[PDB]
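Okay, so here's the structure we're looking at.
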Amino acid sequence: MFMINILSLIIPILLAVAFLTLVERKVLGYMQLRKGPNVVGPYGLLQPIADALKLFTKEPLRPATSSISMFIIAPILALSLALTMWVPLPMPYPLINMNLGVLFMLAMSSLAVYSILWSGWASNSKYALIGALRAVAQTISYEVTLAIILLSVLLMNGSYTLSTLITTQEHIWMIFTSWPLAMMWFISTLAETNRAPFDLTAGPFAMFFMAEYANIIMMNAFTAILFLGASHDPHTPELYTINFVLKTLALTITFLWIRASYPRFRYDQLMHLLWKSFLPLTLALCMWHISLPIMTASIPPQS
Amino acid sequence: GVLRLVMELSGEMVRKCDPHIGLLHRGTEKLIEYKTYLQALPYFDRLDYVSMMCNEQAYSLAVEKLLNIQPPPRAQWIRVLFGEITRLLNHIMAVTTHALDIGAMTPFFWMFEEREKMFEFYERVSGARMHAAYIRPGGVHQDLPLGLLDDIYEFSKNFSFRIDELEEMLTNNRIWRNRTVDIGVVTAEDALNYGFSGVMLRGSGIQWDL
Amino acid sequence: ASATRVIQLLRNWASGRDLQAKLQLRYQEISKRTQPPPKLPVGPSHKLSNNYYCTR
Amino acid sequence: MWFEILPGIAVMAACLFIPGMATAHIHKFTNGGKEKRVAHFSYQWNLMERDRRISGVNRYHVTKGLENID
Amino acid sequence: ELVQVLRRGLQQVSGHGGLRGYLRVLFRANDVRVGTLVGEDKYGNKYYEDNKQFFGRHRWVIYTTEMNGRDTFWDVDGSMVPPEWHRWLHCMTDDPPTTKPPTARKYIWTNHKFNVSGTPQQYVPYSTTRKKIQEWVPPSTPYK
Amino acid sequence: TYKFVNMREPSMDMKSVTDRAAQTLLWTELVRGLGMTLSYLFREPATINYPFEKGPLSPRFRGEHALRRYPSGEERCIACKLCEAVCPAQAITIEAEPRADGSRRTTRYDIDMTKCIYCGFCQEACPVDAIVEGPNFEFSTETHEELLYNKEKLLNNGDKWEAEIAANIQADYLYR
Amino acid sequence: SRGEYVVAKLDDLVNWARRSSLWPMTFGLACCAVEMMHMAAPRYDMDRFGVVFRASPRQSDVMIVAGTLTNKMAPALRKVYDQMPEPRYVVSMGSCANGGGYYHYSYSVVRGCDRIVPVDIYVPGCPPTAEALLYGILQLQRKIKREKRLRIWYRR
Ligand SMILES: CCCCCCCCCCCCCCCCC[C@@H](O)O[C@H](CO[C@H](O)CCCCCCCCCCCCCCC)COP(=O)(O)OCC[N+](C)(C)C
Ligand SMILES: CCCCCCCC/C=C\CCCCCCCC(=O)O[C@H](COC(=O)CCCCCCC/C=C/CCCCCCCC)COP(=O)(O)OCCN
Ligand code: SF4
Ligand code: SF4
Ligand code: SF4
């Protein structure tokens with residue numbers, strides 16, 4: 001019954017990313033003294049379905065000269081990576097129990113830039129290529145600090161196994177052990193998914209949108225598991241599932257809140273932000289988190 | 001609005017910027033020559049269409065100066081009141097669309113509710129939300145309805161909190177400051193020699209207000 | 001505006017002000033949509049005498 | 001009012017309930033009512049292989065107690 | 001607190017005639033508020049007010065399901081309001097046409113019509129004047 | 001009298017420098033802006049439920065045009081052509097002649113509604129209150145041709161809206 | 001029979017989906033754009049009908065011409081219109097776009113945007129109220145609801 005498990009992982013995620021559009025519209029509207037969609041469906045609830053059908057029945061505008069191969073490949077890679085990044089996560093029990101699950105998620109996120117590169121290349125435009133290059137540069141820049149912050153945090157866990165993160169946070173959350181790293185991690189996950197204040201950039205358009213929103217939800221779930229450790233009772237995992245889902249929803253709504261609250265950076269300003277504020281602090285706190293367990297004789301078990 | 005902008009870039013930096021205008025040239029000045037003064041009044045509503053009443057007042061004052069007459073005191077007080085209301089409308093529009101273009105977008109809705117209230121005032125006085133054509137070169141078209149002043153007072157006693165919320169979203173925000181500070185710096189002498197007026201002068205320290 | 005006493009406290013704390021004192025939404029405090037007839041006085045030149053146009 | 005955002009969120013929450021819960025139940029069903037065995041480091045895998053060989057049914061989760069010691 | 005607001009929601013469900021009326025109003029108007037009935041319309045529109053709502057929401061109309069010739073269960077529009085209720089509903093006056101009705105005339109339409117654009121009964125412009133120059137008519141008789 | 005908007009000098013004592021450093025490193029003003037947006041979410045939206053609710057209007061509002069008539073049912077227009085002379089947009093076209101009873105009436109009265117600027121000069125130029133600009137604004141059309149009104153269409157508009165038009169004129173005529 | 005019943009229901013579904021999510025791009029040429037932004041302001045909240053604010057041309061369902069179209073601007077508007085994916089609709093807002101308006105007798109103004117692109121709905125006014133533009137958008141929705149593409153294909 002492994003195929004049923006794969007399907008019960010894939011399908012609910014796609015429904016969640018479909019209704020996240022509704023939630024975002026509703027939340028931004030109410031923060032803007034108005035409503036979101038409240039006409040299509042009893043409480044707007046049929047708006048995502050109408051959006052999907054309309055998008056899937058509209059003419060697709062193939063560039064008529066661009067590389068059709070990469071034009072079709074880019075959304076495939078984007079959505080495949082987005083759906084793959086959900087497999088490693090333990091909610092409480094993971095679909096695939098990987099020893100180096102964190103490294104696997106890092107590698108998937110690193111691949112996620114080929115879709116941007118290929119979509120920019122296959123637009124047959126100089127301006128869109130400029131935009132794609134900017135997006136790729138921002139993404140790689142911030143995944144640097146994601147990797148460094150992540151290993152610094154994992155030094156208190158003892159391994160790359162994501163399940164052990166539940167064991168590490170049995171008594172206290174990781175947010176109390178390292179809140180500065182969590183702050184920079186949150187900003188880096190904003191900048192990684194091209195979300196405001198870092199949003200400088202028919203069918204396949206919807207495919208790309210689905211991939212981006214799935215990446216948003218997965219990144220927030222990863223943040224919740226990494227820094228907000230729920231308590232897991234082996235004889236009733238549904239408590240852990242509900243707690244983890246609530247925390248993930250809170251973080252996604254916080255993304256919407258941030259989008260509704262701020263202006264956006266310039267390109268050079270966010271580049272300077274990273275390279276001159278996050279990287280120095282990230283290196284310093286990596287040094288500190290290497291030294292800390294040895295100084296206090298609190299090194300985690302697994303080797 | 002509608003704008004074409006041809007520029008030359010060396011990498012990130014802007015080297016040259018040449019704006020192309022005339023995409024909204026309707027030929028208003030030639031059309032005015034075929035109308036009477038009254039018939040030519042409504043063009044000034046359409047000129048700067050965010051501050052409709054102020055445009056009307058300028059034309060009316062010019063025609064009054066040429067006619068050698070003067071509006072009565074009540075008309076003048078009405079004109080100054082609605083000129084200040086129009087200044088509120090225009091500054092809301094300018095600040096919130098600036099912020100929207102930068103990417104803030106929330107104060108736009110917050111303040112466009114107030115803009116809707118001021119269109120209610122414009123509508124009560126003239127029957128039209130924007131192009132009122134209320135200020136005529138002899139005064140104003142019609143008297144204020146009986147309950148208008150009370151509603152204006154009720155509106156204007158809550159607006160300071162709206163400006164405060166705008167400032168809380170914008171003034172001390174570091175992203176906003178980094179987007180605005182030291183951008184487009186213009187000296188007083190250049191502002192004067194280039195024909196600037198209004199805040200473009202006063203932002204450079206020139207003390208001038210008509 | 002009608003809101004639960006707890007919602008009012010939450011929104012007041014988050015904003016930093018008293019929201020109930022100055023509300024964005026208009027209520028019965030506005031003027032009536034039916035008003036008494038006006039009278040609208042006449043101007044200075046409505047005299048019956050000493051009002052030749054060449055003097056004004 | 002704001003609570004009219006709650007329906008969609010609820011729907012979204014229900015969707016995010018489905019994967020994890022499903023996994024748990026499947027791990028109960030294919031593992032004889034117990035959590036799926038974790039096998040890192042290859043000593044754990046050796047334990048599972050020994051269990052599978054001594055079950056008599058080629059299934060590691062069929063546990064043999066003292067009733068099998070004779 | 002929470003108990004009070006849930007009781008008010010329950011009263012809203014009760015005051016629309018039960019569950020069927022609740023879903024009817026929710027799916028026809030996307031609103032389930034209850035207000036005092038102000039008037040019935042001869043075409044079937046119903047008019048409600050609630051002076052504790054803020055300005056703009058204190059008056060509303062529930063449209064009839066069948067106006068002159070079309071089913072209007074879903075396809076409603078604002079042009080279906082007759083002029084007297086139009087004047088009241090836009091807050092041009094504080095007085096509904098029930099307490100004081102409009103003046104009666106022999107030329108005023110007894111049946112209001114909605115916007116008939118895109119229907120066979122749409123308006124088609126034409127010149128309402130006669131022919132200016134009329135032509136010469138040759139005789140029917142032979143000339144030779 | 002003039003004011004200074006940005007002529008403040010930050011204090012350089014250790015406590016003020018530490019406060020600014022705490023603002024930089026802990027994002028205090030960003031959290032303040034988030035707090036205002038959160039507070040602002042927890043209040044009533046300003047949206048009205050159109051078309052079941054309508055925005056406020058006034059007796060003075062200028063909408064679709066209408067030709068009126070006297071209580072006997074006889075039309076007020078006397079073909080004086082002042083509305084046509086005053087129209088800033090040249091949107092009114094008029095032709096007249098003596099009627100069968102010798103009355104001074106129009107045979108043609110067109111208003112091009114795609115030329116009209118809805119200034120209402122025509123109704124304030126009329127000496128008999130014949131042409132008015134009524135309170136209707138929901139008269140959008142699917143073809144250009146149906147926005148070119150002739151005398152029959154405008155007289156129909158008058159007969160259709162006479163109740164509301166007369167009430168509005170009663171409300172507003174003492175200000176004119 | 002079932003052959004026409006199935007296409008009738010499927011056409012109804014496609015029409016509902018198309019009209020319940022109308023994504024407009026707006027040509028804010030002149031002061032009718034202020035009234036369309038007032039239609040997106042909190043009081044009317046066009047987004048609550050499924051009509052998003054400021055869609056991109058490559059994913060736009062309807063074009064709203066709001067302002068005067070000058071001769072200098074007409075080719076750009078036609079170029080933008082051609083780019084849009086089909087099915088595409090055009091709403092003409094205000095006197096200037098409907099028929100030239102107050103600049104009809106000008107040397108530099110297009111006497112109606114329907115010389116350049118076909119128009120589905122004409123919203124009159126100078127400017128139309130935001131409520132009048134909302135009435136026009138809902139009229140376009142009803143017009144979309146009336147159309148029936150699958151029946152024509154089945155019966156041809
Ligand atoms: C599992 C396999 C899925 C495959 C793909 C299928 C797509 C998903 C299926 C679900 C679609 C959801 C349909 C929702 C339609 C109901 C909307 C309803 O409320 O509309 C009303 C009903 O109108 C119409 O009668 C609805 C017709 C919709 C289609 C009817 C049956 C179609 C079923 C065919 C599905 C089979 C597909 C075959 C190939 C996949 C009219 O309201 P409207 O006018 O808007 O709004 C006016 C505004 N007011 C009311 C507030 C004043
Ligand atoms: C005794 C031994 C103790 C061990 C050492 C511990 C000491 C720690 C003290 C300092 C730690 C603070 C570091 C935390 C992060 C600091 C990074 C930073 O401050 O960068 C800012 C910039 O940071 C930002 O502004 C990014 C904001 C982007 C918008 C996003 C809004 C997010 C705010 C809402 C709350 C976010 C919640 C985050 C946590 C979530 C948890 C999952 C500086 O840039 P500028 O002000 O522009 O000037 C630099 C040039 N001089
Ligand atoms: S409202 Fe103005 S533009 Fe329109 S017909 Fe009357 S006078 Fe002419
Ligand atoms: S409508 Fe009035 S102003 Fe115009 S021609 Fe007739 S009587 Fe004269
Ligand atoms: S149509 Fe009227 S309101 Fe719109 S831009 Fe032209 S003159 Fe202004």
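By convention here, the chains of the structure tokens are called A, B, ... in the order presented, each chain's residues are numbered starting at 1, and ligands are numbered starting at 1 in the order presented.
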
(request) Step by step, measure atom-to-atom distances between ligand 5 and each residue using only C-alpha atoms and all ligand atoms, keep those at most 9 Å, then write them as number ranges by chain. (result) B: 42-43, 45-47, 49, 130-131; F: 114, 116-118; G: 29-35, 66-68, 93-98, 100-103, 124-128

Any chance you can output those residues with N, CA, C and O atoms as a tab-separated table (two decimals), in the first residue's frame?
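Final output, part.tsv:
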```
chain	number	residue	atom	x	y	z
B	42	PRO	N	-15.20	73.20	-17.90
B	42	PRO	CA	-15.02	71.78	-17.53
B	42	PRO	C	-13.73	71.13	-18.02
B	42	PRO	O	-13.39	70.06	-17.51
B	43	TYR	N	-13.02	71.72	-18.99
B	43	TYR	CA	-11.74	71.15	-19.40
B	43	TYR	C	-10.74	71.13	-18.24
B	43	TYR	O	-9.87	70.25	-18.18
B	45	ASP	N	-11.33	70.61	-15.07
B	45	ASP	CA	-11.53	69.40	-14.28
B	45	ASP	C	-10.69	68.26	-14.82
B	45	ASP	O	-10.03	67.54	-14.06
B	46	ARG	N	-10.68	68.10	-16.14
B	46	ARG	CA	-10.01	67.00	-16.81
B	46	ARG	C	-8.51	67.21	-16.94
B	46	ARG	O	-7.81	66.26	-17.31
B	47	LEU	N	-8.01	68.42	-16.70
B	47	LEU	CA	-6.57	68.64	-16.80
B	47	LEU	C	-5.76	67.84	-15.79
B	47	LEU	O	-5.10	66.87	-16.14
B	49	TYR	N	-6.64	65.62	-13.01
B	49	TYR	CA	-7.89	65.01	-12.62
B	49	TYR	C	-7.84	64.35	-11.26
B	49	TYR	O	-8.69	63.51	-10.95
B	130	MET	N	-16.28	63.43	-9.25
B	130	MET	CA	-14.97	64.02	-9.53
B	130	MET	C	-15.02	65.37	-10.22
B	130	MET	O	-14.60	66.38	-9.67
B	131	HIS	N	-15.57	65.39	-11.43
B	131	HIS	CA	-15.64	66.61	-12.21
B	131	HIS	C	-16.88	67.40	-11.84
B	131	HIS	O	-17.86	67.44	-12.57
F	114	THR	N	-22.26	59.06	-25.89
F	114	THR	CA	-20.82	58.84	-25.96
F	114	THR	C	-20.06	60.12	-26.23
F	114	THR	O	-18.83	60.10	-26.28
F	116	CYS	N	-21.51	63.02	-24.47
F	116	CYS	CA	-21.90	63.76	-23.29
F	116	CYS	C	-20.83	63.65	-22.21
F	116	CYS	O	-20.30	62.57	-21.93
F	117	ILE	N	-20.50	64.79	-21.59
F	117	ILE	CA	-19.60	64.83	-20.45
F	117	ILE	C	-20.35	64.90	-19.13
F	117	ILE	O	-19.71	64.98	-18.08
F	118	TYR	N	-21.68	64.87	-19.17
F	118	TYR	CA	-22.51	64.74	-17.97
F	118	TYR	C	-22.27	65.89	-17.00
F	118	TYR	O	-22.29	65.71	-15.79
G	29	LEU	N	-5.61	55.07	-18.98
G	29	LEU	CA	-5.15	56.16	-19.83
G	29	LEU	C	-5.35	57.52	-19.17
G	29	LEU	O	-4.45	58.36	-19.20
G	30	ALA	N	-6.51	57.73	-18.57
G	30	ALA	CA	-6.85	59.03	-18.00
G	30	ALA	C	-7.74	58.81	-16.79
G	30	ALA	O	-7.76	57.72	-16.22
G	31	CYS	N	-8.47	59.84	-16.40
G	31	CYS	CA	-9.21	59.91	-15.15
G	31	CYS	C	-10.37	58.94	-14.97
G	31	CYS	O	-11.03	58.98	-13.93
G	32	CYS	N	-10.64	58.07	-15.93
G	32	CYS	CA	-11.52	56.95	-15.61
G	32	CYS	C	-10.79	55.89	-14.81
G	32	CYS	O	-11.43	55.09	-14.10
G	33	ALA	N	-9.46	55.90	-14.87
G	33	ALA	CA	-8.65	55.00	-14.06
G	33	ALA	C	-8.82	55.27	-12.57
G	33	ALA	O	-8.76	54.34	-11.76
G	34	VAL	N	-9.05	56.52	-12.18
G	34	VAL	CA	-9.28	56.82	-10.77
G	34	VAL	C	-10.55	56.13	-10.29
G	34	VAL	O	-10.61	55.58	-9.19
G	35	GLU	N	-11.59	56.13	-11.13
G	35	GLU	CA	-12.82	55.44	-10.75
G	35	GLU	C	-12.66	53.93	-10.76
G	35	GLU	O	-13.31	53.24	-9.97
G	66	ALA	N	-9.97	52.72	-20.02
G	66	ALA	CA	-10.45	53.75	-19.10
G	66	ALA	C	-9.71	55.05	-19.37
G	66	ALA	O	-8.70	55.35	-18.73
G	67	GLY	N	-10.22	55.84	-20.31
G	67	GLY	CA	-9.58	57.10	-20.63
G	67	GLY	C	-9.61	57.42	-22.10
G	67	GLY	O	-10.21	56.69	-22.89
G	68	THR	N	-8.96	58.51	-22.48
G	68	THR	CA	-8.95	58.92	-23.88
G	68	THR	C	-7.85	58.19	-24.63
G	68	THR	O	-6.71	58.11	-24.16
G	93	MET	N	-14.90	52.15	-21.08
G	93	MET	CA	-15.29	52.93	-19.92
G	93	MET	C	-15.24	54.42	-20.24
G	93	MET	O	-14.19	54.93	-20.64
G	94	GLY	N	-16.36	55.10	-20.06
G	94	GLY	CA	-16.40	56.54	-20.13
G	94	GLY	C	-16.62	57.06	-21.54
G	94	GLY	O	-16.48	56.35	-22.53
G	95	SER	N	-16.94	58.35	-21.62
G	95	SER	CA	-17.25	58.99	-22.90
G	95	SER	C	-16.06	58.97	-23.84
G	95	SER	O	-16.22	58.75	-25.05
G	96	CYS	N	-14.86	59.23	-23.32
G	96	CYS	CA	-13.68	59.33	-24.17
G	96	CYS	C	-13.42	58.02	-24.89
G	96	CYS	O	-13.11	58.00	-26.09
G	97	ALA	N	-13.53	56.90	-24.18
G	97	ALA	CA	-13.31	55.60	-24.80
G	97	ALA	C	-14.51	55.16	-25.63
G	97	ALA	O	-14.33	54.49	-26.65
G	98	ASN	N	-15.73	55.52	-25.22
G	98	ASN	CA	-16.91	55.10	-25.96
G	98	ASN	C	-16.98	55.77	-27.33
G	98	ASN	O	-17.15	55.11	-28.35
G	100	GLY	N	-15.11	59.18	-28.09
G	100	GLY	CA	-14.30	60.38	-28.13
G	100	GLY	C	-14.60	61.37	-27.03
G	100	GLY	O	-13.68	61.98	-26.49
G	101	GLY	N	-15.87	61.56	-26.71
G	101	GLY	CA	-16.23	62.33	-25.53
G	101	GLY	C	-16.07	63.82	-25.74
G	101	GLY	O	-16.59	64.40	-26.70
G	102	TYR	N	-15.36	64.45	-24.82
G	102	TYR	CA	-15.19	65.89	-24.80
G	102	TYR	C	-14.07	66.34	-25.72
G	102	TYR	O	-13.85	67.54	-25.88
G	103	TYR	N	-13.40	65.38	-26.35
G	103	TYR	CA	-12.32	65.60	-27.30
G	103	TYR	C	-12.64	64.94	-28.63
G	103	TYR	O	-11.74	64.60	-29.39
G	124	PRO	N	-21.23	54.05	-19.81
G	124	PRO	CA	-21.30	55.49	-20.03
G	124	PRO	C	-21.07	56.30	-18.76
G	124	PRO	O	-21.29	55.84	-17.65
G	125	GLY	N	-20.62	57.54	-18.96
G	125	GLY	CA	-20.35	58.43	-17.85
G	125	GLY	C	-19.07	59.20	-18.05
G	125	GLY	O	-18.25	58.83	-18.89
G	126	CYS	N	-18.87	60.27	-17.28
G	126	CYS	CA	-17.69	61.12	-17.42
G	126	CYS	C	-17.26	61.64	-16.05
G	126	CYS	O	-17.39	62.83	-15.75
G	127	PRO	N	-16.72	60.76	-15.19
G	127	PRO	CA	-16.55	59.32	-15.34
G	127	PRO	C	-17.74	58.55	-14.82
G	127	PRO	O	-18.51	59.10	-14.04
G	128	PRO	N	-17.90	57.31	-15.25
G	128	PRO	CA	-18.88	56.45	-14.59
G	128	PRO	C	-18.48	56.27	-13.13
G	128	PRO	O	-17.30	56.20	-12.80
```

(request) Please determine the contact residues of chain B with respect to chain E at a cut-off of 12 Å, counting only C-alpha atoms, and supply them as a ChimeraX atom specification. (result) /B:117,120,123-124,127

Could those residues be written to a file, using N, CA and C atoms, as a compact mmCIF listing (two decimals), in the first residue's frame?
```txt
# COMPACT_ATOMS: atom_id res chain seq x y z
N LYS B 117 -15.10 58.96 0.84
CA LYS B 117 -15.89 59.91 1.62
C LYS B 117 -15.82 61.32 1.04
N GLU B 120 -17.96 61.75 -1.75
CA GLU B 120 -19.34 61.93 -1.30
C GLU B 120 -19.62 63.42 -1.12
N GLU B 123 -19.91 65.11 -4.48
CA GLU B 123 -21.20 64.72 -5.04
C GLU B 123 -22.38 65.47 -4.43
N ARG B 124 -22.37 65.66 -3.12
CA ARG B 124 -23.48 66.35 -2.48
C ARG B 124 -23.59 67.80 -2.95
N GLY B 127 -23.37 67.09 -7.54
CA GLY B 127 -23.98 65.98 -8.25
C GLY B 127 -22.98 65.09 -8.97
```

(request) Just list the residues in chain E DSSP gives strand (DSSP E) on the backbone, as a list in words. (result)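 After running DSSP on the backbone, chain E has strand (DSSP E) at residues 36, 37, 38, 39, 40, 46, 47, 48, 49, 59, 60, 61 and 62 of chain E.
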
(request) Please indicate the distance in Å from atom CA of residue D:9 to atom CA of residue E:29, rounded to one decimal place. (result)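 These atoms are spaced 22.9 Å apart.
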
(message) If we count only C-alpha atoms and set the cut-off at 8 Å, which residues sit around residue C:30, ignoring sequence neighbours fewer than 6 positions away in its own chain? Please answer as number ranges by chain.
(response) B: 150-151, 154

Selected residues written out with N, CA and C atoms, as a PDB file, in the first residue's frame:
```pdb
ATOM      1  N   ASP B 150     -21.759  69.851   8.831  1.00  0.00           N
ATOM      2  CA  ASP B 150     -21.656  68.924   9.950  1.00  0.00           C
ATOM      3  C   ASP B 150     -20.954  67.640   9.537  1.00  0.00           C
ATOM      4  N   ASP B 151     -21.263  67.130   8.346  1.00  0.00           N
ATOM      5  CA  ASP B 151     -20.609  65.917   7.874  1.00  0.00           C
ATOM      6  C   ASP B 151     -19.141  66.162   7.557  1.00  0.00           C
ATOM      7  N   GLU B 154     -17.475  66.101  10.892  1.00  0.00           N
ATOM      8  CA  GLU B 154     -17.382  64.730  11.380  1.00  0.00           C
ATOM      9  C   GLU B 154     -16.273  63.962  10.674  1.00  0.00           C
TER      10      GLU B 154
END
```

Within 6 Å of ligand 4, counting only C-alpha atoms and all ligand atoms, which protein or nucleic acid residues do you find, written as a PDB file with N, CA and C atoms, in the first residue's frame?
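Here's the written file part26.pdb:
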```pdb
ATOM      1  N   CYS F  77     -40.687  70.632 -23.398  1.00  0.00           N
ATOM      2  CA  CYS F  77     -39.741  71.206 -24.343  1.00  0.00           C
ATOM      3  C   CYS F  77     -40.450  72.066 -25.376  1.00  0.00           C
ATOM      4  N   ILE F  78     -39.927  73.273 -25.570  1.00  0.00           N
ATOM      5  CA  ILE F  78     -40.456  74.250 -26.505  1.00  0.00           C
ATOM      6  C   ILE F  78     -39.468  74.570 -27.613  1.00  0.00           C
ATOM      7  N   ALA F  79     -38.419  73.764 -27.763  1.00  0.00           N
ATOM      8  CA  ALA F  79     -37.459  73.898 -28.856  1.00  0.00           C
ATOM      9  C   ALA F  79     -36.770  75.260 -28.863  1.00  0.00           C
ATOM     10  N   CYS F  80     -36.436  75.772 -27.680  1.00  0.00           N
ATOM     11  CA  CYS F  80     -35.687  77.020 -27.608  1.00  0.00           C
ATOM     12  C   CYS F  80     -34.219  76.837 -27.969  1.00  0.00           C
ATOM     13  N   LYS F  81     -33.707  75.609 -27.887  1.00  0.00           N
ATOM     14  CA  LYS F  81     -32.350  75.253 -28.305  1.00  0.00           C
ATOM     15  C   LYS F  81     -31.271  75.908 -27.449  1.00  0.00           C
ATOM     16  N   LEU F  82     -31.584  76.254 -26.200  1.00  0.00           N
ATOM     17  CA  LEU F  82     -30.545  76.737 -25.296  1.00  0.00           C
ATOM     18  C   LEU F  82     -29.654  75.610 -24.804  1.00  0.00           C
ATOM     19  N   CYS F  83     -30.236  74.443 -24.537  1.00  0.00           N
ATOM     20  CA  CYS F  83     -29.436  73.298 -24.127  1.00  0.00           C
ATOM     21  C   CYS F  83     -28.417  72.939 -25.195  1.00  0.00           C
ATOM     22  N   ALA F 125     -29.537  75.261 -18.053  1.00  0.00           N
ATOM     23  CA  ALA F 125     -29.870  76.214 -19.100  1.00  0.00           C
ATOM     24  C   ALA F 125     -31.333  76.155 -19.510  1.00  0.00           C
ATOM     25  N   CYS F 126     -32.018  75.053 -19.233  1.00  0.00           N
ATOM     26  CA  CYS F 126     -33.404  74.908 -19.649  1.00  0.00           C
ATOM     27  C   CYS F 126     -34.294  75.855 -18.857  1.00  0.00           C
ATOM     28  N   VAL F 128     -37.671  75.714 -18.680  1.00  0.00           N
ATOM     29  CA  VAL F 128     -38.991  75.151 -18.430  1.00  0.00           C
ATOM     30  C   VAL F 128     -38.876  73.815 -17.712  1.00  0.00           C
ATOM     31  N   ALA F 130     -37.458  71.082 -18.853  1.00  0.00           N
ATOM     32  CA  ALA F 130     -37.830  70.016 -19.775  1.00  0.00           C
ATOM     33  C   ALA F 130     -36.797  68.899 -19.780  1.00  0.00           C
ATOM     34  N   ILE F 131     -35.552  69.219 -20.108  1.00  0.00           N
ATOM     35  CA  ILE F 131     -34.475  68.240 -20.077  1.00  0.00           C
ATOM     36  C   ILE F 131     -33.862  68.242 -18.687  1.00  0.00           C
TER      37      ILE F 131
END
```

(request) Give the residue list for ligand 2 at 8 Å, counting only C-alpha atoms and all ligand atoms, as a PyMOL selection string, sorted by chain and then by residue number. (result) (chain A and resi 175+179-187+190+197+223-224+227-228+251+258+262+273+276-278+281+285+288) or (chain B and resi 174-175+178) or (chain F and resi 24-27+30-31+34)

Keeping only C-alpha atoms, write the selected residues to a file as a PDB file, in the first residue's frame.
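Here's the written file selection_9.pdb:
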```pdb
ATOM      1  CA  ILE A 175      13.635  28.666  19.162  1.00  0.00           C
ATOM      2  CA  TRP A 179      16.478  32.563  18.072  1.00  0.00           C
ATOM      3  CA  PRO A 180      18.958  34.687  16.015  1.00  0.00           C
ATOM      4  CA  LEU A 181      19.575  31.766  13.671  1.00  0.00           C
ATOM      5  CA  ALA A 182      15.817  31.237  13.406  1.00  0.00           C
ATOM      6  CA  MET A 183      15.323  34.911  12.527  1.00  0.00           C
ATOM      7  CA  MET A 184      17.878  34.770   9.731  1.00  0.00           C
ATOM      8  CA  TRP A 185      16.441  31.419   8.612  1.00  0.00           C
ATOM      9  CA  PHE A 186      12.962  32.937   8.333  1.00  0.00           C
ATOM     10  CA  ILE A 187      14.225  35.865   6.267  1.00  0.00           C
ATOM     11  CA  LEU A 190      11.278  34.489   2.443  1.00  0.00           C
ATOM     12  CA  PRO A 197       9.610  41.935   0.475  1.00  0.00           C
ATOM     13  CA  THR A 223      10.705  25.725   9.754  1.00  0.00           C
ATOM     14  CA  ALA A 224       8.081  24.421  12.181  1.00  0.00           C
ATOM     15  CA  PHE A 227      12.489  25.292  15.388  1.00  0.00           C
ATOM     16  CA  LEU A 228       9.051  24.599  16.903  1.00  0.00           C
ATOM     17  CA  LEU A 251       3.912  30.406   9.712  1.00  0.00           C
ATOM     18  CA  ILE A 258       4.631  40.157   5.985  1.00  0.00           C
ATOM     19  CA  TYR A 262       6.059  46.094   3.969  1.00  0.00           C
ATOM     20  CA  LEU A 273      21.513  42.610   3.221  1.00  0.00           C
ATOM     21  CA  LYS A 276      27.041  42.130   4.594  1.00  0.00           C
ATOM     22  CA  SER A 277      24.680  41.348   7.449  1.00  0.00           C
ATOM     23  CA  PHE A 278      23.515  37.736   7.391  1.00  0.00           C
ATOM     24  CA  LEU A 281      26.438  36.882  11.751  1.00  0.00           C
ATOM     25  CA  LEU A 285      27.032  32.084  15.216  1.00  0.00           C
ATOM     26  CA  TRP A 288      29.545  29.893  18.526  1.00  0.00           C
TER      27      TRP A 288
ATOM     28  CA  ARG B 174      13.675  50.940   7.323  1.00  0.00           C
ATOM     29  CA  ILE B 175      12.737  49.467   3.931  1.00  0.00           C
ATOM     30  CA  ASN B 178      16.209  52.868   2.248  1.00  0.00           C
TER      31      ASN B 178
ATOM     32  CA  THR F  24      18.673  47.408  14.098  1.00  0.00           C
ATOM     33  CA  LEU F  25      19.346  43.937  15.488  1.00  0.00           C
ATOM     34  CA  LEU F  26      15.886  43.009  16.822  1.00  0.00           C
ATOM     35  CA  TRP F  27      13.600  44.634  14.197  1.00  0.00           C
ATOM     36  CA  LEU F  30       9.110  46.090  11.593  1.00  0.00           C
ATOM     37  CA  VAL F  31       7.233  44.354  14.407  1.00  0.00           C
ATOM     38  CA  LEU F  34       3.162  44.120  11.608  1.00  0.00           C
TER      39      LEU F  34
END
```
